[PDB]
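In: Quick one: experimental structure and sequence below.
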Amino acid sequence: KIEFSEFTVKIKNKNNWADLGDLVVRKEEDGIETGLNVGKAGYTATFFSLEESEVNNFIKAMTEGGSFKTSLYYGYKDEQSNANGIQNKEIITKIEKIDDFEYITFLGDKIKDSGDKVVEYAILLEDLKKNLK
């Protein structure tokens, strides 16, 4: 039984690690929807969504490291997937230390006009651990 409803965590990206914005995580009837808020208002859109059957994988991946399948992935402005989405994309997470602090890190999609150069995201592990229940 999932207890969470909606929460917000700060999200970082690669330039060096830099602050990007807020990631809103919502528990829907079927699965989870994540939204990205960048700047002030500013940019506000779906980041990725996943089905009910992938909720347990998502919770384990976002608190321990692992993988989960999204039903739809958009990412941010610099990704190829932003305009039209990518279906069934697998997200692989790792726990990495950034300035003596543990983060959940994952790769996004390819950058718009770059030779398989991919975006990387980071979220504070403690922020996810305390919210995902």
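Out: The structure has been received and is ready for your questions. Numbers count the residues shown, from 1 in each chain.

In: okay but residue 19 is in contact with residue 12, surely?
Out: Yes - Residue 19 lies in contact with residue 12 (CB atoms under 8 Å); the separation is 5.9 Å. From N, CA and C alone the C-beta is placed, and that goes for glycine too.

In: higher neighbour count, the two?
Out: Ranked by neighbour count (other CB atoms under 10 Å), residue 19 and residue 12 place residue 12 first, with 18 against 11.

In: which parts of the one helix or strand the more buried one maps to are buried?
Out: Per DSSP states H and E, residue 12 falls inside strand 6-14. For strand 6-14, burial by neighbour count (16 or more other CB atoms under 10 Å) applies to 9, 11, 12, 13, 14.

In: now do stretch 76-96
Out: Counting neighbours by 16+ other CB under 10 Å, stretch 76-96 gives 76, 78, 79, 80, 81, 82, 85, 86, 89, 91, 93 as buried.

In: Stretch 64-80 too?
Out: Those would be 65-66, 68-76, 78-80, for stretch 64-80 by 16+ other CB under 10 Å.

In: Centre of the chain to that stretch, how far?
Out: 6 Å (CA atoms, centre = their mean, to the nearest Å).
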